[PDB]
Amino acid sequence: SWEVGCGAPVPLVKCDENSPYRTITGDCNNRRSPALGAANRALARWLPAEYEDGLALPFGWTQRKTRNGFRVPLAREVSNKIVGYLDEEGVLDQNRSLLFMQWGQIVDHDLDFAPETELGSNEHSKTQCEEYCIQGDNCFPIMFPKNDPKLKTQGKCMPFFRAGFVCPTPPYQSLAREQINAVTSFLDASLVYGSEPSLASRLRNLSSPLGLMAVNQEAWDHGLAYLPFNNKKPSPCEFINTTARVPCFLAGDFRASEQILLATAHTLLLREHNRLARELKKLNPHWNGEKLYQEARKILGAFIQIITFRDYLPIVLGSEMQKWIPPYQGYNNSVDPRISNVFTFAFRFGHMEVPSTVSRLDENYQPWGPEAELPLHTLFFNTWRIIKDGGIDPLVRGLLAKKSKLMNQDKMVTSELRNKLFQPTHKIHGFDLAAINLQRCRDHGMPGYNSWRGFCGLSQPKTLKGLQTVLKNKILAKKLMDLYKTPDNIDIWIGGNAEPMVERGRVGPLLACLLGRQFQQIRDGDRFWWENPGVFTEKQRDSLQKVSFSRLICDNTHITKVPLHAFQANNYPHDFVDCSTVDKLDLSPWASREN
């Protein structure tokens, strides 16, 4: 028994139970427990942290200190030897649109962030990790292995800075290190509205009470809006093209301009807010700034939940779907809504669903222009290709008409992300998201692959032959064995993803367990789950049941041809239909039954 919460950042918790709306921070969702699921708290531990020194040192930190008697392979080496591949041909998912990937990142960003430590934004110390490759205090560089091509063109490591952790932050050493979650655990649309009341207000268009979200004043998208620019210099988005000089956007989530399609989806979501809001005033003139804001917010959340839970989850989890997430029975205030530390790694499967290129398509779903298809790496923190190069519409057409990468055991993560990732305050397009997941796994004190197979009630292979059988691959298992020398040491990110898919899923059984549990927990433990009676009306819930991503495009872009089932592989024109024939969101039940 160590205590009941460790809090020095528990920065004003006065509870109003009496609300028809969520807080911004997530506080006061569980009334019996007010801080459960709020942002700025520790990620839940489903299993105890496993650090090198028991407390907060990652496995791999001290050269001579092993895990279960072996050295841990270098993140980058696992990435070269197992994660890499060259041939992009035949890697596409024939049953998933590119929107299946992108929705995944939307939801992941609504659910969790564990951002790098904040005890250094303008010091030597920062560039000391990029420049000198010195394992330090929160600097934990990713070292290149003997044979690595990057040694020839980049230096000795990739810079990497340990995730933040709760309570102290300037010097710490007493209980087990627990990483923070800076977003709300609830599927709430916090990526559109922010998780802090500070940021939540800054994004609002206060200058008039129409419950509108603050839009971009310097540019437009033919009559349609953009997110406002974040004006913080220096700017990663300005850095990628000094001539076009377009900054990153300002969203309720800071990751929004990471890659162009993320920024597109975010863009659609704000347009829905405002659309929704305006349709409301054209119903209710009585309402003031808040009631319109909050009431569209509330609708934005439910749509997020319905799309994720009705359209998205069933094709991630497949046969395992109703096993982990059975039909809803209502809010269970005994359920734990917090995101587990492990989930923030399990949902990284999405990393293998990302293809090497992104296309703009025109009105006929043909190759927009002479640069239709762009390599993914040029789109990190790329906001200029939207504003100065077409709007979001051809990219959205892409999202429908194009396919996600299918995860593949001999072809795991495209080199766009594996060799050419762009990171802010780093000058080069040369990072490795895989190596970085793996460093991160260890950073976060993740129990290895068998602790999680155990936790999921699954077999624990102890030998190569064991692993071949589970992974159903003789080759991969062997390389995993050579690198790790016990399946107890396999990093959860790589072992869960190496597993073969379940029937009509896109993850293997261990991930479906980790994912399934977590999504069940975010539905059941949520007082404001759209389907929890008391949140909307019999009638309000009947309109909601009509919302489709297809519709969201229709009413928020100048696209007018869309498929029914946005998430599967859809080819023009045999799978498309007009905006016309697509059930819209009938907003009447939100008409004030008051004068």
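Just count from 1 along the sequence shown to find any residue number. In this text, the rigid core denotes the largest set of C-alpha atoms whose superposition between the two forms falls within 1.5 Å.
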Problem - Comparing 126 to 134 and 348 to 356 where Cα RMS over structures and residues is taken in 9 other deposited structures of this protein (core fit), larger one - result: 126 to 134
Exercise for the section: Using RMS Cα distance over all structures and residues, flag whichever of 173 to 181 and 211 to 219 lies farther from this form in 9 other deposited structures of this protein after a core fit. Expected result: 173 to 181
Fill in the blank from the handout: Stretch with higher mean Cα temperature factor, 336 to 344 vs 81 to 89, is 81 to 89
Exercise for the section: Would you determine, from the values in the PDB entry, which of 492 to 500 and 201 to 209 has the greater average C-alpha temperature factor? Expected result: 201 to 209
Practice task
Just grab whichever of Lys402, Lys126, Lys405, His266 has the top CA B-factor as deposited.
Solution key: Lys126
Problem - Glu373 - Cα temperature factor, lowest/middle/highest third of chain - result: middle
Completion exercise
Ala569: CA B-factor among chain residues, third -> highest
Handout entry: Record-listed C-alpha B factor of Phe249: chain third
Key = middle
Practice task
Ordered by C-alpha B-factor within the chain, which third holds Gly330? Give me lowest, middle or highest, please.
Solution key: middle
Problem - Third of chain Cα B-factors occupied by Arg67 - result: middle
